[PDB]
Amino acid sequence: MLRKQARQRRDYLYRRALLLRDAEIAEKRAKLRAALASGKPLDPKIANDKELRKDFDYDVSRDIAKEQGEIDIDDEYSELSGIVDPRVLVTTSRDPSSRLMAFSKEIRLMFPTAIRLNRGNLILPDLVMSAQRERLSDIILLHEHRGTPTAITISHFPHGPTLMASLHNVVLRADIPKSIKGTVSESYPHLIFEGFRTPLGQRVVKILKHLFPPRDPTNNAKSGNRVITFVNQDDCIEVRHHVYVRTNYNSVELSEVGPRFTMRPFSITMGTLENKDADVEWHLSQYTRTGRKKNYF
Amino acid sequence: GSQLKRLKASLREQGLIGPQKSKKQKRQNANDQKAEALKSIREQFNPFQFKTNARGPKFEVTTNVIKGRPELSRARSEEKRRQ
Amino acid sequence: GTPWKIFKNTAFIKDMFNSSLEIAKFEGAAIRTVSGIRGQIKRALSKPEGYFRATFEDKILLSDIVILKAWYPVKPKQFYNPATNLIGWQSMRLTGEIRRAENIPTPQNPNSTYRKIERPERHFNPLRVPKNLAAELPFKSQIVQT
Amino acid sequence: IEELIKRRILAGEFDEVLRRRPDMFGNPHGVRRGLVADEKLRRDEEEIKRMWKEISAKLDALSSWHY
Amino acid sequence: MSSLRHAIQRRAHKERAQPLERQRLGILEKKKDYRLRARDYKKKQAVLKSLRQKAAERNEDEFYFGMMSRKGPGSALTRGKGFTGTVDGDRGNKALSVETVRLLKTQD
Amino acid sequence: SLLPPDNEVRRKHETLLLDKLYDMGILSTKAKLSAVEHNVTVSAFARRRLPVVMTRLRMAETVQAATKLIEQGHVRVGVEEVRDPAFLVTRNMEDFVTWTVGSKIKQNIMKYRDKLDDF
RNA sequence: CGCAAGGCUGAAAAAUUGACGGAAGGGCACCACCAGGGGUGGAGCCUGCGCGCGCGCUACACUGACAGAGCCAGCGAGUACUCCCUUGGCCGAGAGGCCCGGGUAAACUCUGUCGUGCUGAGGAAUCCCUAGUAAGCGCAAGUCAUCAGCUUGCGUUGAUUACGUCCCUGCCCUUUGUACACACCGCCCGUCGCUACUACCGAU
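Protein chains in written order, with full-length UniProt numbering: chain R, 1 to 297; chain B, 3 to 34, 43 to 74, 83 to 101; chain F, 922 to 1067; chain L, 541 to 576, 608 to 638; chain G, 1 to 108; chain U, 62 to 180.
Encoded structure:
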């Protein structure tokens, strides 16, 4: 099986490089299709590239289908997007403290298809092996400072990306009294996102919203009573977990039930949790001259 | 009880969410408060506005719960840091 | 300052501050080595009073010196002679004349004077592959060491 | 953030990935499984359908029924 | 330009040195020495990363014929204390037959 | 390619053809009918045959050595041995083409890595 | 450059598809029952958060002390790593370097000497936990965010008790759909909205 996962990872990276080359070509093919239906004159290299003419007559249809959005991009999520329910486990670091254990239980309650596993003495390659063995969608680590969490590592499987993010301003579920809080309602939640426009922001939105089960589309606009919000300002994505009831047609009442984070992503690696040598995709560029002026996501 | 169910129970007691009453029911009500009630409901059902201890007091002493507003305190200290 | 203990990235710096108060004033600061490595003063240390933790780009060396480049405001002095030459006036002497008058030598630092450095040709150690990796890699790239 | 949640919930636009039917490709209308010129173009489409049946048979048999 | 500056513009800036109260620790690392260190360490990390990729993507069922004519690295268990992951290389000395040893010993 | 570009059966059979060929490992991508037009190749089928795919998987040193081996009957794929050197390994069986059970080749590999388990 | 760019004005709906429930029946949950375990909460240290609160760390004796003997790990290699600051003295015109003083495991096993002796294991409450899990033990590293009052790895020793149940506490879902054979089941319930029509009541 591990042979199969290695083979698929290598073939996916090779198809990525092939898509890079073919997109460098198909930037030039699309000018030919647009100049055809319009009549505006085009560049002579485009007009006299004969191999481009043969290949264009072959492969018109995929560009048009991409324009109509009928087809999806070669991605780690478009294979199993909304067909299966992506189950996810949360663990702590090696020696968990009691507050980190309660916090992991809080976010295991936040994701409705999550299970929590104790680390104990569980070597991290055996963790990745067991996850790929039981077909888990995603894995989550947590690192405490002293009873307060500081880092998540959202890792997708079998070979997807990881997002390593630092946490601040966290308030745990397990500090308010049980007379005021209660058992959190486990329902399939809606998700709202705000501020993401770049391709990197879209990548983060995808690898975040592919941790939640897909919702039934027949009456999703009206039913459902629990929403999870991710807003970003100056690339520190802040997340709350609300549960709401709609007292009218023109007013709603909120009630904050989950933890609050302002997680700031400091790495996204194209390669899973065990692969420290995986090719990075974005990391928090500090110690440069303008790494604090530039705003990603 | 859960947060959602307790909130719905409190609003049905407050009459803000109940079934669509008839004109006869509106007459009965106009024959026979909610502001302070609703402010208490929002204060009690958004409990992360203020830092609270779960254990309660360590030693019970009887004589005659919020323990600080971190958002309000941060806004006030930031205004002082401004000025 | 001067490095005290040097890990792969983070390094503790000793002879730069006198107290955790001063460090907590200069928290989040843009420290810099002589070699060109930027870095950041991050958090005061506790057990020796005055030392701190800095996160650098790459591994700094025990021979390095950490500097912090701040800008101190200077204001001139408000002296004003009028040069009433026809009446008589006191002319303030200069630095060299003051020193030649009251017999004080000009200050100099032997740390400061320019000298020539002797750089030996920097040779590095060879590659040192760990035992388990060198045992586990396939037959095509197994190292052969007699 | 509370106001943005209120705006979204009222004018409901959630970014939830919606459960797509698993066989939208081979079954576009999703019929129930129980009790129930353009001529030149249709002829060409029938020709390609026959060609694809034949070539898929050849390709499966060449792959030795691992497909 | 290059004729629009004086010789005092062109005058080189001197390089400071390690303070004399700290000369024992070695030479003061300036920018050029730092670049030497960065190139060396990045090169070694590059080769180590390529070896890690190779050891990960090793097929466990390979079969050359050097595997019939060499002595593989084994494990710590089999090789004992003198165990480096490298395969032992042939020093060129060999086992000598008795006749040739008689001839060499007659010459000796 | 000769159908009009907007035709539903053209799109469905294009995706079907590309998926079938990529799963059978002839092509390298699954997005270019042009790659079907001048990339599908008897050389591609030949390199998807068994001895060359085990050469790429480094079972043997050369393709001649691989053919000699699997004619001697050392190489199973899945659970059944294969004696024909023309078996076409697809991209799901490339992860399963291994040696046979009591092979002298398997013993020699184990003896090289000094992990020969005689049980 | 032009349009945008002229104030009956002065802060706090849709519905033939809608609103809210009730009764029954299921399923799930160490935020539930059940059996046990372990924390925190007692004393001291301190990061943190708002004098207080938790999180870790240390100490508190039968599970003892002392002395011998034997026997076990894994991840770790950047011409790189050092805990101080000083009394003296050597060689130093001067800046320094020397020399001497002061402030690859834990464990475990076996064998003996001695005998409980300020030399006392944590209330109410509340939280967590079901197999290489709890817990004990040390070694390494310090990886652009966080972390030395610590963080993350890695190995070692490794149990008790459930592994059923919806009875309590909750959460979800059925009472519409989504598939056809055998086989079974047999019109769940309330208060209103909206719509069509019918006539009625009283002002203009």
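For each residue, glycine too, the CB sits at the ideal point set by N, CA and C.
Look up residue i in the DSSP assignment and say whether it is helix, strand or coil.
| i | result |
| --- | --- |
| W925/F | strand |
| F58/B | helix |
| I154/R | strand |
| residue 35/B | There are no atomic positions for residue 35/B here, as chain B continues from 34 directly to 43. |
| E238/R | strand |
| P562/L | coil |
| residue 298/R | Since the first residue shown for chain R is 1 and the last is 297, residue 298/R is missing from the structure and cannot be characterised. |
| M164/R | strand |
| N33/B | helix |
| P125/R | helix |
| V576/L | coil |
| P149/R | strand |
| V243/R | strand |
| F230/R | strand |
| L88/U | coil |
| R152/U | coil |
Say whether chain F places a C-beta atom closer than 8 Å to the C-beta of residue i.
| i | result |
| --- | --- |
| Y287/R | yes |
| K44/G | yes |
Closest Cβ-Cβ distance between residue i and chain R: below 8 Å?
| i | result |
| --- | --- |
| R559/L | yes |
| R102/G | no |
| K167/U | no |
| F58/B | yes |
| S104/U | no |
| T73/B | no |
Any beta carbon of chain G sitting closer than 8 Å to that of residue i?
| i | result |
| --- | --- |
| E122/U | yes |
| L118/U | yes |
Hey, could you find the ends of the alpha helix (DSSP H) residue i is sitting in?
| i | result |
| --- | --- |
| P199/R | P199 to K209 |
| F193/R | Looking at the DSSP string, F193/R is not in any alpha helix (DSSP H); the run it does join, the beta strand (DSSP E), is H190 to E194. |
| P112/U | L111 to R117 |
| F933/F | From DSSP, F933/F is part of no alpha helix (DSSP H) but of the beta strand (DSSP E) over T931 to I934. |
| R144/U | Per DSSP, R144/U belongs to no alpha helix (DSSP H) and is neither H nor E. |
| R65/B | That residue, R65/B, is in no alpha helix (DSSP H); it is neither H nor E in DSSP. |
| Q125/U | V124 to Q133 |
| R547/L | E542 to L550 |
Starting from residue i, trace the beta strand (DSSP E) in both directions and tell me its first and last residue.
| i | result |
| --- | --- |
| residue 120/G | Outside the displayed range of chain G (1 to 108) lies residue 120/G, so it cannot be described from this structure. |
| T159/U | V158 to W160 |
| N1053/F | No beta strand (DSSP E) holds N1053/F; the alpha helix (DSSP H) holding it covers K1052 to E1057. |
| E79/R | That residue, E79/R, is in no beta strand (DSSP E); it is neither H nor E in DSSP. |
| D138/R | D138 to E144 |
| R137/U | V136 to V138 |
Using a Cβ cut-off of 8 Å (strictly closer), state whether residue i contacts chain U.
| i | result |
| --- | --- |
| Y41/G | no |
| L124/R | no |
| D90/G | no |
| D57/R | yes |
| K4/R | yes |
| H569/L | no |
So, is the C-beta of residue i closer than 8 Å to a C-beta in chain L?
| i | result |
| --- | --- |
| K81/U | yes |
Can you tell me whether residue i sits near the ligand ZN, meaning its C-beta is under 7 Å from at least one heavy atom of the ligand?
| i | result |
| --- | --- |
| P88/B | The ligand ZN is not part of the structure shown, which contains no ligands of any sort. |
Can you tell me the Cβ-Cβ gap for residue i and residue j, rounded? I've got them flagged as a contact below 8 Å.
| i | j | result |
| --- | --- | --- |
| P924/F | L983/F | 6 Å |
| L966/F | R959/F | With 8 Å as the limit, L966/F and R959/F do not qualify as a contact, their Cβ atoms being about 20 Å apart. |
| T159/U | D61/G | 6 Å |
| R133/R | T113/R | That pair is no contact at about 18 Å. |
| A950/F | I962/F | 4 Å |
Residue ranges of each alpha helix (DSSP H) run of no fewer than 4 residues wholly in the segment 951 to 1030 of chain F, ordered along the chain?
1016 to 1023
Residue ranges of each beta strand (DSSP E) run of no fewer than 3 residues wholly in the segment 246 to 296 of chain R, ordered along the chain?
261 to 270 and 279 to 283
Enumerate, from N- to C-terminal direction, the unbroken beta strand (DSSP E) stretches of 3 or more residues contained entirely within the segment 45 to 70 of chain R.
none
Which whole runs of the alpha helix (DSSP H) in the segment 54 to 97 of chain G are 4 residues long or more, in chain order?
76 to 79
Ranges of the beta strand (DSSP E) found wholly within the UniProt region "Disordered" (1 to 24) of chain G, counting only runs of at least 3:
none
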